[PDB]
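Engineer: The amino acid sequence is not available; the structure is as follows:
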């Protein structure tokens, strides 16, 4: 490979890792770095924004632990009136209901915390401070977790304004997952217009934006004028 | 830094200290210097003016001790009928009201003493004596304590004629806190006109005076044609 | 008191014409016990106060 192809391969893997579903090793790494950045930044509103962001992520992490425990406790019950197929499938679906409703509440609590983290970052008014790598790192982490929290629950239309704000920050536009999620969420919205028989202007708006971010994700991972780039361009043209 | 920037940094810190809320170390320093100046001055009306000023400051200092003791005595009471949130919020608010009313009386007694200190300085009629550093130091200390006594109780419109008299004395106009307080008190008055739907002539008068002292405070602390000076000028222009 | 006296849940899972939904059913009704409890006891103190007067 060329130096650019080797670099690109390395970066795409780092970007896929960056958007990895949360776990304990990623949590630890993320917050150790954010707290060191907070100490460097020495800004009380950044400190508060981080305290709220961390509380939001903790809501998500505590929920993931709850979901395993809940499913475990149900699995360990003896179910005497579950002798027919429809009874087993019934009780499965109701388990999924309680898990989904609890995950929905955990998402709502986590987004209230993320909203507070953003409201505190909004209070940093000095443009020399808003341009700090510390400021942009935290703001990117808040939007990324916010996008993922909604994505997991299939709330794809809601992810669009946050993905769009995300890609505007410090070369985030060059991230393959960011364009993959935008393209998928736009695709959902296009399908909503087709299923609900909505207006043509919105059909084409959503289709256009899907294709822009589909092609851009392709360009970023495989390179301009790659067999894969040429293919997507030829389908669109 | 340049010799002027180093000097300016030093002076702004000394000016912030000059306007420091009263305490026992500042009280001791202030009155030891004023009594030495009184002995140098050898003027009975200055001596009387100082005796009254000191009585006014003593009223303030004795009040500060009362407020700590009062809050302490309340904190140490067992409150059996305080089992609902609004009961706790009630009793807290009434504690604050009693403290505010007692602080209001201490302010009134302190200003009667400051008024007497001024009435005695008014009796020094010889222009060669009124121009004495001893005369201007005491008169500045009386106005400064008077401004602060009103400021603490949010009586900002009342601070304007006293701040204006203060800045006319022996380069006090070059003090950053003096312009900060003037700008804040003028801002309050502008907001009063906007809230009470008062006349436009007063809206613009108060807005103008706010901006003059805002810009002057900025010039004094950061310097002419500093990023901060240029910013405030560009907002006003 | 105001609606924010209890967990003021509006709407419910599914398709709505609002942009709000209720929370975990278990807490939702459990909250109404809290709502009723919080207001009744507030009346209780007012009741008791009347007797004091």
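Structural biologist: Perfect, I can see it now. Numbering: from 1, shown residues only, chains lettered A, B, ... in the order given.

Engineer: what about residue A:8, helix or strand, and which?
Structural biologist: Per DSSP states H and E: residue A:8 is located in helix A:3-18.

Engineer: For the helix or strand that that helix is followed by, buried residues please.
Structural biologist: Counting by DSSP H and E, the element after helix A:3-18 in chain order, helix or strand, is helix A:24-41. Neighbour counts over helix A:24-41 (16 or more other C-beta atoms under 10 Å in any protein chain shown) mark A:30-31, A:34, A:37-38, A:41 as buried. For every residue, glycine as well, the C-beta is placed using N, CA and C.

Engineer: again with stretch A:190-210
Structural biologist: In stretch A:190-210, counting by 16+ other C-beta under 10 Å, buried: A:190, A:193, A:203, A:206-207, A:209-210.

Engineer: From residue B:84, how far off is the residue of chain A found nearest chain C?
Structural biologist: Using C-beta to the nearest C-beta, residue A:105 is the residue of chain A that sits closest to chain C, at 5.0 Å. Separation of residue A:105 from residue B:84 (C-beta to C-beta, to the nearest Å): 28 Å.

Engineer: between these two, who's got more neighbours?
Structural biologist: residue A:105 (17 against 14; other C-beta atoms under 10 Å in any protein chain shown).

Engineer: tell me which strands and helices the helix or strand harbouring the more buried one is in contact with?
Structural biologist: Secondary structure from DSSP H and E places residue A:105 in helix A:85-122. For helix A:85-122, the helices and strands in contact under the criterion 3 or more C-beta pairs under 8 Å, 6 or more residues apart in numbering or on different chains; DSSP states H and E are helix A:44-75, helix A:133-152.

Engineer: Put together CSV for those, with distance to chain C and mean neighbour count on each row.
Structural biologist: Output for the helices and strands packed on helix A:85-122, formatted as CSV (distance: least, C-beta to the nearest C-beta, whole Å; neighbours: other C-beta atoms under 10 Å in any protein chain shown):
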stretch, distance to chain C, mean neighbour count
helix A:44-75, 11, 16
helix A:133-152, 14, 21
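
Engineer: I'd like the ones you listed as CSV, with distance to chain B appended.
Structural biologist: Shown next, in CSV, are the helices and strands packed on helix A:85-122 (distance: least, C-beta to the nearest C-beta, whole Å):
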stretch, distance to chain B
helix A:44-75, 20
helix A:133-152, 19
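
Engineer: The spatially most central residue of chain A: what's it in contact with?
Structural biologist: Closest residue to the average C-alpha location of chain A: residue A:148 at 2.4 Å, with C-alpha atoms, centre = their mean. Neighbouring residues of residue A:148 by C-beta atoms under 8 Å, 6 or more residues apart in numbering or on different chains: A:19, A:21-22.

Engineer: Now for residue 23, how many residues are close by?
Structural biologist: In the absence of a named chain, this looks at chain A. Around residue A:23 there are 10 residues (other C-beta under 10 Å).

Engineer: Oops, wrong one, chain C.
Structural biologist: Going by other C-beta under 10 Å, the residues that sit close to residue C:23 add up to 17.

Engineer: Run the angle between the strand or helix carrying residue C:50 and helix A:85-122 for me.
Structural biologist: Applying DSSP H and E as the criterion places residue C:50 in helix C:25-52. Counting by axes from the mean of the first three to the mean of the last three C-alpha atoms, to 10 degrees, helix C:25-52 lies at 60 degrees to helix A:85-122.

Engineer: Secondary structure element holding the spatially closest residue to residue A:182 that is not a sequence neighbour?
Structural biologist: Closest residue to residue A:182 apart from its sequence neighbours, by C-beta to C-beta, 6 or more residues apart in numbering or on different chains: residue A:213 at 4.2 Å. Element membership for residue A:213, per DSSP H and E: helix A:200-222.

Engineer: so who does the closest residue in space to residue A:118 that isn't next to it in sequence touch?
Structural biologist: Leaving aside its chain neighbours, residue A:118 sits nearest to residue A:142 (6.1 Å; criterion: C-beta to C-beta, 6+ apart). By C-beta under 8 Å, 6+ apart, the contact list for residue A:142 reads A:49, A:53, A:56, A:114, A:117-118, A:121.

Engineer: Find the nearest non-adjacent residue to residue 35, please.
Structural biologist: Going with chain A. Using C-beta to C-beta, 6+ apart, the nearest residue to residue A:35 is residue A:50, at 7.3 Å.

Engineer: um, chain C though
Structural biologist: residue C:6 (3.5 Å).
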